[PDB]
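Take a look at the structure below.
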Amino acid sequence: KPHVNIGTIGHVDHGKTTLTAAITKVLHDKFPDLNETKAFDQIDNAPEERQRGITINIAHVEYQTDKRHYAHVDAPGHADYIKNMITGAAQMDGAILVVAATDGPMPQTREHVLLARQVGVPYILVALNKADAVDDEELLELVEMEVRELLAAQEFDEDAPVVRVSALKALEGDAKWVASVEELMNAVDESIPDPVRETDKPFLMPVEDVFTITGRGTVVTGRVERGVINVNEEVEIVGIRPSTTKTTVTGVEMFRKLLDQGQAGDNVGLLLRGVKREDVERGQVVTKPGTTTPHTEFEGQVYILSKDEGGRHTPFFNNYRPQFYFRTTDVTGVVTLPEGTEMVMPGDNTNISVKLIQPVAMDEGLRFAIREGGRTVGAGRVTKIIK
Ligand SMILES: Nc1nc2c(ncn2[C@@H]2O[C@H](COP(=O)(O)OP(=O)(O)O)[C@@H](O)[C@H]2O)c(=O)[nH]1
Ligand SMILES: [Mg+2]
């Protein structure tokens with residue numbers, strides 16, 4: 001019964017919210033287990049979400065098929081999709097592209113799929129909507145060519161399936177189009193690959209602080225993001241200071257217990273053999289040995305907080321010196337703007353190149369904040385690393 005994060009993406013007036021309403025409905029009349037059929041009113045008039053200091057407008061919805069339980073996310077505004085995806089309100093494990101068969105792919109449709117590659121969304125599949133209105137069959141055929149050629153150039157594939165649906169007629173109970181969105185949810189079931197168990201990910205916990213206890217005890221604290229660790233297994237601290245450390249954890253303890261295994265998500269304290277207190281910093285990470293290494297230069301995709309959200313006032317140029325909150329620490333780096341971009345306004349999303357004065361353990365698809373002395377001015381995700 002795996003849990004999966006998906007969402008509808010596409011142009012405005014193309015019927016993303018309708019299909020989301022149809023999807024939840026089609027499974028609620030067809031399942032006692034599936035949650036309340038949500039109506040267009042409460043999905044379209046989406047609530048307001050504030051995460052990491054950024055304001056969003058996101059509609060969360062849950063439903064489950066017989067193969068997976070899903071966590072669906074929809075937004076009203078296009079910019080909200082820019083916000084959500086880059087700032088991770090939906091660490092999406094799949095995505096449903098919505099292409100209205102009347103218009104076809106529009107700038108956002110390309111912009112959404114493009115941005116899907118920037119944040120590492122593994123799969124995108126297509127829901128050819130509004131087929132209740134298109135007479136011509138060979139027009140529909142071509143509408144599939146433009147898309148499948150949009151998804152092919154953005155490193156996706158022919159493997160991804162296009163499903164002609166009607167988000168309206170299925171929503172209105174028409175058994176011919178109700179079955180159409182039914183096939184979608186089976187494609188959704190099989191096409192999107194199974195998202196890895198956060199337990200089965202390789203071990204990773206960011207360091208939060210460090211103290212001296214007993215005589216030989218130098219505890220490190222943090223909440224495990226990835227994986228689990230067995231007591232006395234070698235770990236690897238990763239580069240707030242320039243070097244790469246290596247030590248064998250000798251005791252893990254959560255609250256009253258002193259476990260031999262800490263799970264992903266647990267607030268845990270790790271006692272270590274072979275380093276002292278002055279060898280560990282916030283933002284350092286205790287990885288499984290050799291799984292991850294710390295880089296210094298990378299290529300990211302960042303969203304800048306706008307005037308209305310308390311974002312930066314002056315636009316910034318190359319050789320911009322902010323801090324980058326990679327995990328539990330603010331590391332200062334310098335910017336180079338992409339060829340063609342001379343200035344970054346508030347509001348603007350952009351690709352970006354960054355050189356850090358520090359080394360930081362990082363992988364692609366890692367959220368980070370951009371701050372002016374603690375005050376966050378933006379956020380983003382790693383897209384490409386260099387050196
Ligand atoms: N005929 C038809 N109209 C649709 C369909 N899906 C959505 N619409 C229309 O599209 C309009 C906006 O739908 P909505 O889901 O809010 O679009 P989005 O949120 O921008 O993706 C509504 O007035 C619907 O009547 C469909 O499958 N068939
Ligand atoms: Mg919408």
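Quick note on naming: the chains in the structure tokens go A, B, ... in the order shown, residues restart at 1 in each chain, and ligands are numbered from 1 in order of appearance.
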Practice task
Produce as an NGL selection string the set of residues near ligand 2, where near means within 10 Å with only C-alpha atoms and all ligand atoms considered.
Solution key: :A and (8-20 or 40 or 43-46 or 58-59 or 74-78)
Problem - Given only C-alpha atoms and all ligand atoms as the counted atoms, nearest of A:85, A:181, A:150, A:335 to ligand 1 - result: A:181
Handout entry: Shell of 7 Å around residue A:356, only C-alpha atoms, local chain residues under 6 positions omitted, as an NGL selection string
Key = :A and (296-297 or 332-334)
Keeping N, CA, C and O atoms for every residue in the selection just given, could you write it to a file as a PDB file, in the first residue's frame?
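The new file out-v6.pdb reads:
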ATOM      1  N   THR A 296      31.271  22.187  -3.826  1.00  0.00           N
ATOM      2  CA  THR A 296      31.409  23.614  -3.574  1.00  0.00           C
ATOM      3  C   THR A 296      30.755  24.483  -4.633  1.00  0.00           C
ATOM      4  O   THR A 296      30.335  25.601  -4.324  1.00  0.00           O
ATOM      5  N   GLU A 297      30.655  24.001  -5.866  1.00  0.00           N
ATOM      6  CA  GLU A 297      30.096  24.754  -6.977  1.00  0.00           C
ATOM      7  C   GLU A 297      28.941  23.971  -7.584  1.00  0.00           C
ATOM      8  O   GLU A 297      29.030  22.750  -7.752  1.00  0.00           O
ATOM      9  N   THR A 332      27.853  30.857   3.059  1.00  0.00           N
ATOM     10  CA  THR A 332      27.875  32.039   2.166  1.00  0.00           C
ATOM     11  C   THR A 332      28.456  31.646   0.820  1.00  0.00           C
ATOM     12  O   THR A 332      29.452  30.947   0.825  1.00  0.00           O
ATOM     13  N   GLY A 333      27.840  32.096  -0.270  1.00  0.00           N
ATOM     14  CA  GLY A 333      28.336  31.791  -1.598  1.00  0.00           C
ATOM     15  C   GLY A 333      28.116  32.979  -2.509  1.00  0.00           C
ATOM     16  O   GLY A 333      27.494  33.972  -2.126  1.00  0.00           O
ATOM     17  N   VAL A 334      28.628  32.868  -3.737  1.00  0.00           N
ATOM     18  CA  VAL A 334      28.556  33.957  -4.705  1.00  0.00           C
ATOM     19  C   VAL A 334      27.937  33.452  -6.000  1.00  0.00           C
ATOM     20  O   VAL A 334      28.105  32.291  -6.389  1.00  0.00           O
TER      21      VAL A 334
END
Problem - Which of A:309, A:228, A:243, A:290 sits closest to residue A:259 [using only C-alpha atoms] - result: A:228
Practice task
Give me the residues within 7 Å of residue A:362 as a count of residues only, counting only C-alpha atoms and dropping any in the same chain fewer than 2 places off.
Solution key: 5
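For residue A:251, the set of protein, DNA and RNA residues having any atom at most 12 Å away, when counting only C-alpha atoms and skipping those fewer than 4 positions along the same chain, is residues 216, 217, 218, 219, 220, 229, 230, 231, 232, 233, 234, 257, 258, 259, 260, 261, 262, 268, 269, 270, 271, 272 and 273 of chain A.
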Write the selection just made, keeping N, CA, C and O atoms, as an mmCIF file, in the first residue's frame?
data_model
loop_
_atom_site.group_PDB
_atom_site.id
_atom_site.type_symbol
_atom_site.label_atom_id
_atom_site.label_comp_id
_atom_site.auth_asym_id
_atom_site.auth_seq_id
_atom_site.Cartn_x
_atom_site.Cartn_y
_atom_site.Cartn_z
ATOM 1 N N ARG A 216 34.260 10.459 27.898
ATOM 2 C CA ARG A 216 34.565 10.182 26.474
ATOM 3 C C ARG A 216 33.303 10.327 25.616
ATOM 4 O O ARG A 216 33.300 9.759 24.515
ATOM 5 N N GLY A 217 32.263 11.015 26.092
ATOM 6 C CA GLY A 217 31.059 11.128 25.250
ATOM 7 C C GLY A 217 30.921 12.470 24.552
ATOM 8 O O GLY A 217 30.764 13.467 25.240
ATOM 9 N N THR A 218 30.943 12.485 23.216
ATOM 10 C CA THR A 218 30.742 13.733 22.430
ATOM 11 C C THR A 218 29.547 13.512 21.505
ATOM 12 O O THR A 218 29.778 13.178 20.349
ATOM 13 N N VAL A 219 28.340 13.722 22.026
ATOM 14 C CA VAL A 219 27.072 13.481 21.356
ATOM 15 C C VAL A 219 26.915 14.465 20.202
ATOM 16 O O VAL A 219 27.382 15.611 20.258
ATOM 17 N N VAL A 220 26.271 14.009 19.131
ATOM 18 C CA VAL A 220 25.830 14.879 18.051
ATOM 19 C C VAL A 220 24.335 14.671 17.871
ATOM 20 O O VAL A 220 23.825 13.558 18.042
ATOM 21 N N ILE A 229 20.676 3.535 11.023
ATOM 22 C CA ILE A 229 22.072 3.251 11.347
ATOM 23 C C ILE A 229 22.153 2.259 12.501
ATOM 24 O O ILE A 229 21.397 2.353 13.474
ATOM 25 N N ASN A 230 23.057 1.288 12.344
ATOM 26 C CA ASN A 230 23.298 0.219 13.343
ATOM 27 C C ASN A 230 24.436 0.689 14.242
ATOM 28 O O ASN A 230 25.415 1.202 13.722
ATOM 29 N N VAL A 231 24.295 0.484 15.544
ATOM 30 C CA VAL A 231 25.297 0.942 16.537
ATOM 31 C C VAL A 231 26.631 0.280 16.234
ATOM 32 O O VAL A 231 26.623 -0.916 15.974
ATOM 33 N N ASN A 232 27.697 1.080 16.289
ATOM 34 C CA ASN A 232 29.127 0.745 16.052
ATOM 35 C C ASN A 232 29.443 0.697 14.557
ATOM 36 O O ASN A 232 30.582 0.357 14.235
ATOM 37 N N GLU A 233 28.494 1.029 13.682
ATOM 38 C CA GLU A 233 28.822 1.013 12.232
ATOM 39 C C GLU A 233 29.570 2.296 11.871
ATOM 40 O O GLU A 233 29.183 3.345 12.341
ATOM 41 N N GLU A 234 30.555 2.201 10.991
ATOM 42 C CA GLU A 234 31.318 3.403 10.596
ATOM 43 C C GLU A 234 30.394 4.404 9.901
ATOM 44 O O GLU A 234 29.549 3.976 9.130
ATOM 45 N N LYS A 257 15.487 5.674 26.178
ATOM 46 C CA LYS A 257 16.154 4.494 25.569
ATOM 47 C C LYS A 257 17.531 4.842 24.995
ATOM 48 O O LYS A 257 17.841 6.020 24.861
ATOM 49 N N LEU A 258 18.344 3.811 24.779
ATOM 50 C CA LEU A 258 19.696 3.891 24.180
ATOM 51 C C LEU A 258 19.744 2.769 23.153
ATOM 52 O O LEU A 258 20.496 1.815 23.346
ATOM 53 N N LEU A 259 19.035 2.973 22.046
ATOM 54 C CA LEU A 259 18.826 2.042 20.941
ATOM 55 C C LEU A 259 20.121 1.677 20.216
ATOM 56 O O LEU A 259 21.154 2.344 20.333
ATOM 57 N N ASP A 260 20.043 0.584 19.454
ATOM 58 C CA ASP A 260 21.073 0.200 18.501
ATOM 59 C C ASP A 260 20.694 0.580 17.075
ATOM 60 O O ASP A 260 21.493 0.374 16.158
ATOM 61 N N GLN A 261 19.494 1.125 16.875
ATOM 62 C CA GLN A 261 19.027 1.537 15.557
ATOM 63 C C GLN A 261 18.089 2.727 15.706
ATOM 64 O O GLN A 261 17.130 2.676 16.480
ATOM 65 N N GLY A 262 18.358 3.779 14.938
ATOM 66 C CA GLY A 262 17.507 4.957 14.875
ATOM 67 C C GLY A 262 16.900 5.071 13.495
ATOM 68 O O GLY A 262 17.602 4.956 12.488
ATOM 69 N N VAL A 268 17.524 12.012 17.337
ATOM 70 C CA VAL A 268 18.454 11.052 17.917
ATOM 71 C C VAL A 268 19.776 11.733 18.241
ATOM 72 O O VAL A 268 20.127 12.769 17.667
ATOM 73 N N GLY A 269 20.494 11.150 19.200
ATOM 74 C CA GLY A 269 21.788 11.641 19.636
ATOM 75 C C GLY A 269 22.848 10.564 19.550
ATOM 76 O O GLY A 269 22.714 9.510 20.176
ATOM 77 N N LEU A 270 23.905 10.815 18.786
ATOM 78 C CA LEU A 270 24.885 9.794 18.433
ATOM 79 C C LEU A 270 26.186 10.029 19.190
ATOM 80 O O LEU A 270 26.823 11.075 19.029
ATOM 81 N N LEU A 271 26.571 9.057 20.015
ATOM 82 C CA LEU A 271 27.860 9.084 20.691
ATOM 83 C C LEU A 271 28.909 8.478 19.766
ATOM 84 O O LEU A 271 28.653 7.475 19.096
ATOM 85 N N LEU A 272 30.100 9.079 19.746
ATOM 86 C CA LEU A 272 31.106 8.752 18.742
ATOM 87 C C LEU A 272 32.465 8.480 19.371
ATOM 88 O O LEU A 272 32.823 9.053 20.403
ATOM 89 N N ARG A 273 33.216 7.586 18.727
ATOM 90 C CA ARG A 273 34.547 7.166 19.160
ATOM 91 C C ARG A 273 35.596 7.655 18.165
ATOM 92 O O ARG A 273 35.647 7.177 17.028
#
Problem - Selection near stretch 310-324 of chain A, 7 Å with only C-alpha atoms, sequence-local residues under 4 positions removed, as a list in words - result: residues 305, 306, 330, 331, 332, 333, 334, 335, 336, 337, 342, 343, 344, 345, 346, 368, 369, 370, 371, 372 and 377 of chain A
Practice task
Enumerate the residues of stretch 150-351 of chain A with a DSSP assignment of alpha helix (DSSP H), computed from the backbone, and present them as a VMD selection string.
Solution key: chain A and resid 150 175 to 191
Go ahead and dump the residues you just picked, N, CA, C and O atoms, as a PDB file, in the first residue's frame.
ATOM      1  N   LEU A 150       7.258  17.196 -26.625  1.00  0.00           N
ATOM      2  CA  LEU A 150       7.576  18.197 -25.587  1.00  0.00           C
ATOM      3  C   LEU A 150       8.127  17.409 -24.417  1.00  0.00           C
ATOM      4  O   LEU A 150       9.062  17.844 -23.799  1.00  0.00           O
ATOM      5  N   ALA A 175     -20.735   7.351 -18.023  1.00  0.00           N
ATOM      6  CA  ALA A 175     -19.977   6.114 -17.868  1.00  0.00           C
ATOM      7  C   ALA A 175     -18.970   5.902 -18.990  1.00  0.00           C
ATOM      8  O   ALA A 175     -18.019   5.128 -18.822  1.00  0.00           O
ATOM      9  N   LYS A 176     -19.153   6.574 -20.130  1.00  0.00           N
ATOM     10  CA  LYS A 176     -18.192   6.455 -21.218  1.00  0.00           C
ATOM     11  C   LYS A 176     -16.922   7.229 -20.897  1.00  0.00           C
ATOM     12  O   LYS A 176     -15.810   6.744 -21.141  1.00  0.00           O
ATOM     13  N   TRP A 177     -17.067   8.437 -20.348  1.00  0.00           N
ATOM     14  CA  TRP A 177     -15.923   9.246 -19.951  1.00  0.00           C
ATOM     15  C   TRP A 177     -15.489   9.000 -18.512  1.00  0.00           C
ATOM     16  O   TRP A 177     -14.345   9.315 -18.166  1.00  0.00           O
ATOM     17  N   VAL A 178     -16.374   8.451 -17.673  1.00  0.00           N
ATOM     18  CA  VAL A 178     -15.983   8.036 -16.328  1.00  0.00           C
ATOM     19  C   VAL A 178     -14.927   6.944 -16.402  1.00  0.00           C
ATOM     20  O   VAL A 178     -13.974   6.922 -15.613  1.00  0.00           O
ATOM     21  N   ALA A 179     -15.086   6.016 -17.344  1.00  0.00           N
ATOM     22  CA  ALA A 179     -14.080   4.981 -17.531  1.00  0.00           C
ATOM     23  C   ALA A 179     -12.767   5.562 -18.040  1.00  0.00           C
ATOM     24  O   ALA A 179     -11.704   4.982 -17.795  1.00  0.00           O
ATOM     25  N   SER A 180     -12.820   6.684 -18.764  1.00  0.00           N
ATOM     26  CA  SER A 180     -11.598   7.282 -19.299  1.00  0.00           C
ATOM     27  C   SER A 180     -10.643   7.691 -18.184  1.00  0.00           C
ATOM     28  O   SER A 180      -9.448   7.376 -18.227  1.00  0.00           O
ATOM     29  N   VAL A 181     -11.151   8.404 -17.175  1.00  0.00           N
ATOM     30  CA  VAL A 181     -10.309   8.791 -16.050  1.00  0.00           C
ATOM     31  C   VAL A 181     -10.020   7.599 -15.149  1.00  0.00           C
ATOM     32  O   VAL A 181      -9.113   7.660 -14.310  1.00  0.00           O
ATOM     33  N   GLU A 182     -10.783   6.513 -15.297  1.00  0.00           N
ATOM     34  CA  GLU A 182     -10.486   5.281 -14.574  1.00  0.00           C
ATOM     35  C   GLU A 182      -9.208   4.629 -15.089  1.00  0.00           C
ATOM     36  O   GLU A 182      -8.368   4.184 -14.297  1.00  0.00           O
ATOM     37  N   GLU A 183      -9.050   4.554 -16.415  1.00  0.00           N
ATOM     38  CA  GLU A 183      -7.803   4.062 -16.997  1.00  0.00           C
ATOM     39  C   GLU A 183      -6.616   4.919 -16.584  1.00  0.00           C
ATOM     40  O   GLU A 183      -5.518   4.400 -16.346  1.00  0.00           O
ATOM     41  N   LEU A 184      -6.812   6.238 -16.526  1.00  0.00           N
ATOM     42  CA  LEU A 184      -5.769   7.143 -16.057  1.00  0.00           C
ATOM     43  C   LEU A 184      -5.193   6.681 -14.723  1.00  0.00           C
ATOM     44  O   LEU A 184      -3.976   6.517 -14.584  1.00  0.00           O
ATOM     45  N   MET A 185      -6.059   6.453 -13.732  1.00  0.00           N
ATOM     46  CA  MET A 185      -5.582   6.048 -12.414  1.00  0.00           C
ATOM     47  C   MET A 185      -4.864   4.704 -12.425  1.00  0.00           C
ATOM     48  O   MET A 185      -4.037   4.458 -11.541  1.00  0.00           O
ATOM     49  N   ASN A 186      -5.140   3.833 -13.399  1.00  0.00           N
ATOM     50  CA  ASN A 186      -4.338   2.618 -13.516  1.00  0.00           C
ATOM     51  C   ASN A 186      -2.984   2.908 -14.147  1.00  0.00           C
ATOM     52  O   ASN A 186      -1.962   2.372 -13.701  1.00  0.00           O
ATOM     53  N   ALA A 187      -2.957   3.733 -15.198  1.00  0.00           N
ATOM     54  CA  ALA A 187      -1.681   4.207 -15.723  1.00  0.00           C
ATOM     55  C   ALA A 187      -0.894   4.922 -14.635  1.00  0.00           C
ATOM     56  O   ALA A 187       0.297   4.665 -14.441  1.00  0.00           O
ATOM     57  N   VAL A 188      -1.562   5.819 -13.902  1.00  0.00           N
ATOM     58  CA  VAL A 188      -0.944   6.477 -12.752  1.00  0.00           C
ATOM     59  C   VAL A 188      -0.364   5.446 -11.792  1.00  0.00           C
ATOM     60  O   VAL A 188       0.747   5.614 -11.272  1.00  0.00           O
ATOM     61  N   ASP A 189      -1.110   4.368 -11.536  1.00  0.00           N
ATOM     62  CA  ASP A 189      -0.620   3.308 -10.659  1.00  0.00           C
ATOM     63  C   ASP A 189       0.669   2.686 -11.189  1.00  0.00           C
ATOM     64  O   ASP A 189       1.673   2.609 -10.471  1.00  0.00           O
ATOM     65  N   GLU A 190       0.664   2.236 -12.445  1.00  0.00           N
ATOM     66  CA  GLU A 190       1.808   1.483 -12.955  1.00  0.00           C
ATOM     67  C   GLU A 190       2.908   2.364 -13.546  1.00  0.00           C
ATOM     68  O   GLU A 190       4.093   2.037 -13.406  1.00  0.00           O
ATOM     69  N   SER A 191       2.556   3.469 -14.213  1.00  0.00           N
ATOM     70  CA  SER A 191       3.560   4.242 -14.943  1.00  0.00           C
ATOM     71  C   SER A 191       4.534   4.914 -13.985  1.00  0.00           C
ATOM     72  O   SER A 191       5.755   4.823 -14.159  1.00  0.00           O
TER      73      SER A 191
END
Practice task
Please indicate the distance in Å from atom CA of residue A:2 to atom CA of residue A:67, rounded to one decimal place.
Solution key: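 Atom CA of residue A:67 lies at a distance of 7.5 Å from atom CA of residue A:2.
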Handout entry: Contacts of stretch 138-140 of chain A at 10 Å (only C-alpha atoms; same-chain gap of 3+ positions) as a PyMOL selection string
Key = chain A and resi 101-102+104+128+131+134-135+143-145+164
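Restricting the calculation to only C-alpha atoms and all ligand atoms, the smallest distance between ligand 1 and any of A:237, A:79, A:99, A:121 is found for A:99.
Minimum atom-to-atom distance to ligand 1, evaluated using only C-alpha atoms and all ligand atoms, belongs to A:98 out of A:153, A:87, A:98, A:93.
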Exercise for the section: Would you list, as number ranges by chain, the residues of stretch 111-306 of chain A that end up in strand (DSSP E) under DSSP run on this structure's backbone? Expected result: A: 124-129, 162-164, 220-223, 229-230, 234-237, 247-253, 261-262, 267-273, 286-287, 294-304
Handout entry: Residue nearest residue A:159 - candidates A:124, A:308, A:66, A:146, atoms counted: only C-alpha atoms
Key = A:124
